[PDB]
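All remarks here apply to the structure that follows.
Please treat every number below as a calculation from the coordinates, not as lab data. Methodologically, a virtual Cβ is constructed for each residue, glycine included, from the backbone with ideal geometry; neighbour enumeration extends over all protein chains shown.
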Amino acid sequence: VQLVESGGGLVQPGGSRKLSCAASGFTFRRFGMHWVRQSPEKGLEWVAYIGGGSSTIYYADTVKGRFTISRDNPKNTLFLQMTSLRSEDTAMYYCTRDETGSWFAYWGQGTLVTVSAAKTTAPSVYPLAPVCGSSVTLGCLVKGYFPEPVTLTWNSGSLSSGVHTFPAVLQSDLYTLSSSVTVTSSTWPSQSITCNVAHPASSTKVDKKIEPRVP
Amino acid sequence: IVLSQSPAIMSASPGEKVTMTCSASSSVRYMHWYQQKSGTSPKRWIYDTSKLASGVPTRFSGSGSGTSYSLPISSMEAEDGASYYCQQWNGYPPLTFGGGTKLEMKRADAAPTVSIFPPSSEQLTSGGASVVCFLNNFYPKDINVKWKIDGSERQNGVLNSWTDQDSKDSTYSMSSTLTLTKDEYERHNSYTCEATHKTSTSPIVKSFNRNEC
Ligand SMILES: CC(=O)N[C@H]1[C@@H](O[C@@H]2[C@@H](O[C@@H]3[C@H](O)[C@@H](O[C@H]4[C@@H]([C@H](O)CO)O[C@@](O)(C(=O)O)C[C@H]4O)O[C@H]([C@@H](O)CO)[C@H]3O[C@@H]3O[C@H](CO)[C@@H](O)[C@H](O)[C@H]3O)O[C@H]([C@@H](O)CO)[C@@H](O)[C@@H]2O)O[C@H](CO)[C@@H](O)[C@@H]1O
């Protein structure tokens, strides 16, 4: 059994967007489906329910009249169409399969929906290198990017131990993020260490390689 | 219908018994539990109050009737650390969720390691200045950073971020950034990072002089 959500992105307030769920590995027309969303601030919130028939639909009191849930049985696809989007609508949205008693056995990976007036902006990535002996700490600073999410990797992900990546914090419509990596002194600067940052929204792919510096 | 979960957060050492509470506004038709490990979707854990999902371990139990339901673990485990959510269906919308219980893993006190990073040459060329402090691998979680310029505390334009508990260490780390204009940054020579933690009465201090680097 698999469920794959899609159709997420950045949306204007008062905008409309549609999400889809593709269901595989079970008899689809048999089951009811739900939409559930999560925000760090407000956590787990149910959105809407559609019966296998489509005859029965339930809507969250908050989304009523602005959101419509529908399905296409031949396709195996579940639909949520959103209109009149508000800031509170920003969430990660999961499609779920309804089981007896209405608990959810299977969940989707999720699509993130962000609704903001704020303009898309690419990050600038700065390597952080030690200042002027038994260990070394280095950092990547990624700042001035909107919206989430960014992906930070070290050495193509080849280097994953002693890594800390810190959640982004948003100030004045822009996000700041950082990462620190700790490797033994023999390891750096002898072998190469690089910061790879990916911003999907900007299509930005950037690499920063830490270099010791002095004048 | 309102589900109230207590405690909001708890710490359990390994080999400890832990119990969690969901409180219901009205008698519930169905009470379910889910487990979420952050950065992934919530997982099915318990359905219909007492029934284990295939693949959940024996230690977990689900209980309660009427208004009060409980989740307990026989013995705490490292892998167990997660957020737990209770959910209900009464046969009428809305279907409703708990605020959730965050279960931390208790461990020995640890002191942070502190690193201070001056602004990058590229950032300066760009016309801005940023200074970063890392506070790495400490316990327990609450911590303080103070910034000093030329001996004077600066509280303005500082952003702080926390990881969740580390996978191997079970520790926490925090990151601090001080943001200045280049011209302003060039006003002062010395930048200092002060970190205060329960482990030590005295703060741990790192600094550099704009001169020399
Ligand atoms: C959100 C909610 O209220 N969910 C409750 C709902 O679950 C829905 C339910 O739909 C079934 C299904 O479409 C089908 O049943 C077939 C099989 C089933 O595939 C496996 O048991 O079950 C039967 O053999 C049976 O014993 O009844 C009949 C089979 O045809 O058909 C019935 C139809 O009669 C609907 O017209 C349907 O049951 C009704 O569904 C509607 C929702 O439109 C509900 O309002 C009625 O009260 C139901 O009688 O069951 C599905 C099932 O696989 C898991 O529960 C589920 O995915 C659907 O969401 O009703 C459940 C059972 O009463 C309840 O547990 C849910 O809380």
Practice task
Can you give me the three principal axis dimensions of the protein assembly as shown from its C-alpha atoms, in Å, biggest first?
Solution key: 73, 49, 38
Completion exercise
Between the alpha carbon centres of the range A:1-37 and the range B:58-74 the gap in Å comes to 32
Problem - chain B: calculated mean residue ellipticity at 222 nm from DSSP helix runs of at least 4, using -39500 (n - 2.57) - result: -500 deg cm²/dmol
Fill in the blank from the handout: Between A:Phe31 and residues 5 or more places away or on another chain, the pairs with built amide H atoms under 5 Å apart involve none
Practice task
Taking the Cβ of each residue in B:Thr67, A:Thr77, B:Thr58 as the centre, tally the other Cβ atoms inside 10 Å and list the residues starting with the fewest.
Solution key: B:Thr58, B:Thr67, A:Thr77
Completion exercise
The set of residues whose placed amide H lies less than 5 Å from the amide H of B:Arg154, leaving out same-chain residues fewer than 5 positions away, is B:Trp147, B:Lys148, B:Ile149
Fill in the blank from the handout: Of the convex hull enclosing the alpha-carbon atoms of chain A, the direction-averaged projected area in nm² is 15.4
Practice task
Kindly identify the range A:75-153 as rounded, prolate or oblate by the Cα gyration tensor criterion: order the square roots of the eigenvalues as a ≥ b ≥ c, call it rounded if a/c is under 1.5, otherwise compare a/b with b/c, prolate if a/b is larger, else oblate.
Solution key: oblate
Problem - Vicinal HN-Hα couplings computed from phi for the range B:79-88 (Karplus, 6.51 cos²θ - 1.76 cosθ + 1.60; Hz; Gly/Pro x) - result: 5, 5, x, 5, 8, 10, 10, 9, 9, 9
Exercise for the section: With a point put 7 Å past each Cα toward its Cβ, work out how far A:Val163 is from B:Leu124 in nm, to one decimal. Expected result: 3.0
Completion exercise
Label model pair A:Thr187, A:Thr151: point-to-point distance (7 angstrom along the Cα→beta-carbon line) in nm is 2.2
Exercise for the section: Express in nm, to one decimal, how much length is gained between A:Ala118 and A:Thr62 on full extension, taking 0.36 nm for each residue of separation and deducting their alpha carbon distance. Expected result: 17.8 nm
Problem - In the range B:172-205, the trypsin sites (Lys or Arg not before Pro) that fall in loop regions by DSSP, at most 15 other Cβ within 10 Å - result: B:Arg187, B:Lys198
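How would you classify the range A:1-118 from its alpha-carbon gyration tensor, with a ≥ b ≥ c the square roots of the eigenvalues: rounded for a/c under 1.5, else prolate if a/b is greater than b/c, otherwise oblate?
Judged from the Cα gyration tensor, the range A:1-118 comes out prolate (a/c at least 1.5, a/b above b/c).
What list do you get for B:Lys168, A:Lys42 if you sort them by fewest beta carbons within 10 Å?
With the fewest neighbours first, B:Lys168, A:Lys42 line up as B:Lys168, A:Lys42.
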Handout entry: Alpha-carbon spread of the range B:1-149, three principal axes, descending order, Å
Key = 63, 38, 27
Practice task
For an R0 of 30 angstrom, estimate the FRET efficiency from the Cβ-Cβ distance between B:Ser200 and B:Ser13 and round to the nearest 0.05.
Solution key: 0.85
Practice task
Quick one: what are the phi-derived ³J(HN,Hα) couplings along the range A:46-60, Karplus 6.51/-1.76/1.60 with θ = phi - 60°, whole Hz, x for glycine and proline?
Solution key: 5, 10, 6, 10, 10, x, x, x, 5, 5, 10, 10, 10, 10, 5
Practice task
For every other residue with a beta carbon closer than 13 angstrom to the beta carbon of B:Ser120, add +1 if it is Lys or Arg and -1 if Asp or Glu, then tell me the sum.
Solution key: +3
Problem - Farthest positive-ward along chain A dipole, Cα basis, beta-carbon charges - from A:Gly52, A:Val163, A:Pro189 - result: A:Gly52
Fill in the blank from the handout: For the range A:202-210, in residue order, the Karplus 3J(HN,Hα) values (coefficients 6.51, -1.76, 1.60; θ = phi - 60°; whole Hz; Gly and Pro = x) are 8, 6, 6, 10, 9, 10, 10, 9, 5
Fill in the blank from the handout: Interchain or sequence-distant (5+) residues whose placed amide H lies within less than 5 Å of the amide H of B:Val132 are B:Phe117, B:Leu178
Practice task
For the range B:1-46, just say rounded, prolate or oblate: build the C-alpha gyration tensor, square-root its eigenvalues into a ≥ b ≥ c, call rounded for a/c under 1.5, and beyond that prolate if a/b exceeds b/c, oblate if not.
Solution key: oblate
Practice task
Round to a whole angstrom and tell me the spacing of the C-alpha centers of the range B:85-152 and the range A:167-215.
Solution key: 18
